[PDB]
Ligand SMILES: O=C(O)[C@]1(O)C/C(=N\O)[C@@H](O)[C@H](O)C1
Ligand SMILES: O=C(O)[C@]1(O)C/C(=N\O)[C@@H](O)[C@H](O)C1
Ligand SMILES: O=C(O)[C@]1(O)C/C(=N\O)[C@@H](O)[C@H](O)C1
Ligand SMILES: O=C(O)[C@]1(O)C/C(=N\O)[C@@H](O)[C@H](O)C1
Ligand SMILES: O=C(O)[C@]1(O)C/C(=N\O)[C@@H](O)[C@H](O)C1
Ligand SMILES: O=C(O)[C@]1(O)C/C(=N\O)[C@@H](O)[C@H](O)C1
Ligand SMILES: O=C(O)[C@]1(O)C/C(=N\O)[C@@H](O)[C@H](O)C1
Ligand SMILES: O=C(O)[C@]1(O)C/C(=N\O)[C@@H](O)[C@H](O)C1
Ligand SMILES: O=C(O)[C@]1(O)C/C(=N\O)[C@@H](O)[C@H](O)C1
Ligand SMILES: O=C(O)[C@]1(O)C/C(=N\O)[C@@H](O)[C@H](O)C1
Ligand SMILES: O=C(O)[C@]1(O)C/C(=N\O)[C@@H](O)[C@H](O)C1
Ligand SMILES: O=C(O)[C@]1(O)C/C(=N\O)[C@@H](O)[C@H](O)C1
């Protein structure tokens, strides 16, 4: 199927003063998706409720999700539970290597329900997640 | 007093694809409340802030609350603290038996401040909570 | 610099039925700030996303922050991460002595990134935080 | 006919700090109406213009009105004139015995155009007004 | 000057079920004004505050006012006081002969500050008020 | 307590064409309040319903009120009744000496429930009311 | 009575690229109405629901209607039924001679309930409909 | 299941000047539904698009529908097609006996896809449709 | 010219529960358009008035239209008439073979004014319509 | 053609404290237009963008324009360029004799593209511009 | 009089990346005003129309204005003309020494109508303008 | 970097009646950008303030700008000053050869601060500006 949802959570709108901005990340993702024959829909919110609604829509549409949940990765049971309804693949992405950072960042509520997880590969992590989904149609 | 607040948290709007829908649950609750001589006000949100506001209103009105907080049961100190202001009974309800599921679901921030807790009895749990409140006027 | 942000999180709007109201707290802070030659901007929200936006603005303006995050003190990685972007001082304040209360309240995601922390001194804690910032220009 | 309008004027939203709240009053009225085979539509406003619009709608629908106009009972010719257009019964209700209070409260612009008046019987006054209308179909 | 304000108060929107409707009254006034070389601006509200704002605008513009205040004729000091600021003529109009009706309708807060008063001549009263203003330029 | 509410009713927005404007009056009040160690919150409306809501808020906050109700002084039972709920002092102020004017202005629905009344001292009346409240803490 | 409603349906906003524009048509109608001692209220919509609401208002006001329903002439039972409630005359107008065009345009749901019908006389058809209504008062 | 949707189309808001009003019809339906152990959700629109959305929601919820489509009964393929998605029963209702009226009213796009059809039994037709659905659970 | 409008009418938003969703259809169209050197603007509405406005815009821009009008294909003269203003090609598309279905679906108000018509080729019908327009520049 | 646009730019809303107000000017223009068999549409804005939009509409409608651009007369190339699209006459009007004032006011970006220019004849300048257009049909 | 308007034009919201921010400038001005016994109202816009409205309000209130018009200093006749209506002092301020910069910045439309002008003294220029107005009451 | 801003000023929305429309220009730019590996964000406004905000965003994002400012090219110091904050390249584009037209069009406030300028090459000028930026990364 063509459509892949890329959903970014809290503080990811701040990319590029936290070099690559979130707008630039959207552009990079869109270009790579077109190359792969996909259509990427990229969304970012600091609101858990908004993220939940986007995940609910992806469940109702049976669309795959690439999710970088920011701080809610480590803290939100609610976001996990929304993701548990997804029928298509869920790929967890983090820009930083969360396993090399504070202890609290080494625990994810999403990893057990995700198909797979990419961390520490920068923004290329998103592009690699897209290529997985393209080669897994 | 006639009025009981029934407040549902994250992902409870998704009932009936997660058979009984949330609209149907509202109908069942309303019917049982009328039978018991009560009026039930049933509300659902995926927003912690919205849930907090509803709990604040119930505190200011000295109205009892039946609360199924969804994932925030396990995670939100803020929701607990809002519930601590309530003067009337607080009944915690979960549809599933949270004690039979993942370890993280066996811990609730609400149970220590609730009057009581019903889990694992399905949607009938709400109806049983209503009957407690009716027989405790 | 003149401006200091005072940001209150969940349930702090309920001060004075939880004697001093939040409006009164704003007045007290404003008066003390004028005495110190500062301008205080006091804001309160029960919404994590709203708190994040206010912290983002303070980062972009290089303004100091006095933050009483309420229940999110103990639970929100996202709020921590927003505060990590601040270049000016961050002073954590709690009205109650959180170290004398439930175990879960003795852990803060903010303390490790804050300049300093004041707890248990009541509403005067805010005024003392302001005086620190004034004497540290 | 099934429908009865119950219209409350200024300060009646403050019931229960001025024990029974306005929400509770609505619940009590609704329950009694169902028992009587009626449907009660209960509305409250501190705005004369809003009350006038509700009375205008009841005139256009030929629906009966139970009206507790609050302070406007004693002061508003405009509200009287709107009520003069009603074709169905108008029942004036006051919770307090207005004849036992200040002199200005013993004069009503509505009493001369009302079918009848109940005062001093508490919130039961509304329920008794409903029973009149039910037995007068 | 060309412009005359015609301002109708409470219950005057109900003309023609209380034969001529308020829309028809506007049409009649507009036609007569054009014949007289004037421009009539006709407005109606059940809101005292709205009437006050229209009178305030006419004061700031030094425009004459034809005012049929409905029930507020007999009751509103506030409307009187707004009219006291007018520099151009104020003509009070009532469709019915208020002196032939209930005692309370025979007292007007506006008559002492009006240039003159027309009552009991029907809707033609407005047209006669316009002709006064035209012949008094 | 720091906060005092100053509430102006109908036509008081027109000050300074009815020299000192309402904006200027707000400035004068704010300055005097700061001198006295108070915070003044000054509001004006031509809407009775809006005034009622502001008085309701002051009742719920146990804050004192300085009220110049304009024409509603003489006419509104509803405004009186809202003021009767206040627990802190109510000071009635009029700029003009109402006892030297028309007979209808010599009767107030508010005076019997007010702590005290200042009339005829101009805009300084407000400043004197503030000084009373400051010396009565 | 002065008021006549002129109601245009789908595609009539496109006049003057489909020479005379709809704005110009409104102007022509208004001028002719003034000459005849009438007031014309001219409205156009591509929305059936909006047309229905305008017809409902004309029924409640007992005002005559000149209706050029565009394509809905041939297709809408709902519009017919709304027009059946009118007590004053209904004049059907079409700019083009619908009887000289496609077969489907030679059938109207409105003609059987209209007083009369004018087709093929251009925009003058509206002006002639107005003159009928003026001479039939 | 408890919930039944009752959907009324064009001109059904005009009931009771076209004796029983639409508000009264809602009341009658609600009462009968409660007696039968159901919950009725009654909606009316003159907009085809709005009716389509309500039918779409009933399809997604697998809820039964009682539909009186007004004039669109005879004309709308789109409404038919929306109803074809319903999995629960569809009961077509008309207040009037459409088979005794104009020829065009004797053809329905909905009858072939409806479970059954009630016509000519007045407003009781709705109540009888509800009783069918209750006895067919 | 680059731009082609693809306009879908009633019930086409329901694709993929009526496998391919409307979002997916948009993606497929966009990709094929880019391959052909075109830009496709894809819009869907259940509102006739909205469809009319989109067709009006395409007329004013002299842009070609691919139109799948859903049920309005068979019923709307208004939509036909809007399409008659188009100067660029109009291609009618239906996913299903309408000639193999109910008799009423074998009649189209659009076919006589369309350049051409594709039916029964699924969603590929849209892509084939795009390729026609690209090879006809 | 009947319609003439009269467009006023910055500071022209302030007429009558800068005797005749802008409202009065509108009235005078409307009356003169009716006498001449025209319809005048009079608009005023302090926003260049708003003026541009009004000129764009007049270009699309092939309607004549009487333009008093205020200060933008001397400064705005953008307004000139919008006026260059007009096909019907453009008449430039100024109330004051701009040639007798500061040097900067003696240069207009509009005069070279206008049909003609009237200055220094007061508000009658507009009426004379209207009479030109009427006699030039 | 207490009130002074401080109005900033285009690009002045960008202060502190173009050290002192606009928020900080507001704070500095407010503090200095309080010291001088004044109340400063500080506003900034990139919209000429918005600046014009603020100047219009200051004219109607007979309040003094400190104006740093940004680029419109050199270009806007409209802003000049609005300022010409002011009866109280107008003080022109620029942060930079405009006489040391490009030739076009050495010409101001405002200087000839201003009381006086301060340039090149930084943000202190505003504070010095305030002190002028305070010593000139 | 991928993103380039293309910003069009006054009257550029009117392209294609002033053959290629603004929508078509957007399409052409988008296609060329994709070919070059860029993402173009194309915006048009007749509002100087809106253009300023878009330039401010591009400054904060360190994104390059292709700017065709329309008439403001020749007149706006404010727009120049906003562009002076840009750190990435600024390319000035005009469709027409401004040096062959009126004298006032041969002067630009933007040229001295732009990297470079393209005029007179039609809409291809934008595409050539994009190719510069792509080859200058
Ligand atoms: O490295 C990442 O992508 C992160 O998701 C960014 C975060 N917030 O935006 C973190 O909280 C996190 O642990 C890692
Ligand atoms: O079983 C329940 O009712 C739950 O509250 C549902 C949840 N979210 O909606 C859970 O997160 C939960 O643990 C149990
Ligand atoms: O004592 C405080 O100031 C607290 O921040 C208040 C809280 N919510 O408003 C707490 O959750 C907390 O632990 C302490
Ligand atoms: O007793 C009552 O019900 C009253 O209507 C309440 C009032 N306001 O809410 C009064 O002003 C009144 O006289 C009595
Ligand atoms: O006769 C009139 O015109 C009146 O103003 C109508 C009223 N309300 O609309 C009255 O209250 C009145 O006394 C007379
Ligand atoms: O003198 C005053 O302050 C007054 O309150 C002003 C009024 N309206 O604004 C009056 O109606 C009044 O009697 C006195
Ligand atoms: O000729 C007319 O006036 C028409 O009503 C115009 C139409 N739409 O605007 C038609 O559909 C029609 O048949 C005739
Ligand atoms: O009799 C009915 O219920 C009808 O549905 C009412 C209609 N519109 O509201 C008709 O168009 C119809 O044929 C019958
Ligand atoms: O097959 C199609 O594409 C159709 O247009 C779909 C419809 N509604 O969405 C029909 O009403 C139709 O006849 C065919
Ligand atoms: O005299 C006029 O009509 C003017 O257009 C008024 C102005 N602004 O409203 C001027 O700027 C002008 O030069 C003349
Ligand atoms: O130096 C100043 O304060 C200026 O007003 C700032 C400007 N825009 O914000 C200029 O255009 C200017 O010439 C000087
Ligand atoms: O030729 C161009 O692109 C121009 O920028 C268009 C204009 N407005 O849209 C002009 O004012 C201009 O001089 C040239």
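Residues displayed in chain A correspond, in order, to Swiss-Prot positions 3-20, 27-145.
Method reported for this entry: X-ray crystallography, 1.7 Å.
Every residue, even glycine, has its Cβ placed from backbone N, Cα and C.
Lifted from Swiss-Prot, the feature list:
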- A:20: site 'Transition state stabilizer' (SITE)
- A:76, A:82, A:89, A:103, A:104, A:113: substrate binding site (BINDING)
- A:102: active site, proton donor (ACT_SITE)
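Features per Swiss-Prot, on structure.
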{"residue": "A:20", "record": "site 'Transition state stabilizer'", "CB count, 10 Å": "13"}
{"residue": "A:76", "record": "substrate binding site", "CB count, 10 Å": "23"}
{"residue": "A:82", "record": "substrate binding site", "CB count, 10 Å": "20"}
{"residue": "A:89", "record": "substrate binding site", "CB count, 10 Å": "20"}
{"residue": "A:102", "record": "active site, proton donor", "CB count, 10 Å": "21"}
{"residue": "A:103", "record": "substrate binding site", "CB count, 10 Å": "22"}
{"residue": "A:104", "record": "substrate binding site", "CB count, 10 Å": "13"}
{"residue": "A:113", "record": "substrate binding site", "CB count, 10 Å": "19"}
Spatial separation of residue A:20 (site 'Transition state stabilizer') from residue A:113 (substrate binding site) - C-alpha basis, Å: 17
Cα-Cα span in Å, residue A:20 to residue A:27, with 6 residues unmodelled: 9
Per DSSP, three-state class assigned to residue A:76 (substrate binding site): strand
Where the C-beta lies under 6 angstroms from ligand 1, the matching recorded positions among A:20, A:103, A:104: A:103, A:104
Recorded positions near chain C, Cβ-Cβ under 8 Å, from A:20, A:82, A:104: A:20, A:82
Substrate site span - longest C-alpha distance across A:76, A:82, A:89, A:103, A:104, A:113, in Å: 24
Near-B candidates in A:20, A:89, A:103, A:104, the recorded positions, by Cβ under 8 Å: A:89
Where the C-beta lies under 6 angstroms from ligand 7, the matching recorded positions among A:82, A:102, A:104: none
Those recorded positions in A:76, A:82, A:102, A:103, A:104, A:113 whose CB falls under 6 A of ligand 9, listed in sequence order: none
Where residue A:89 (substrate binding site) falls in three-state DSSP terms: helix
C-alpha spacing of residue A:20 (site 'Transition state stabilizer') relative to residue A:82 (substrate binding site), in angstrom: 19
Filtered recorded positions, from A:20, A:76, A:89, A:102, A:103, A:104, whose Cβ is under 6 Å from an atom of ligand 2: A:89
Collapsed DSSP category at the residue listed as 'active site, proton donor': strand
Between residue A:89 (substrate binding site) and residue A:102 (active site, proton donor): CA-CA distance (Å): 19
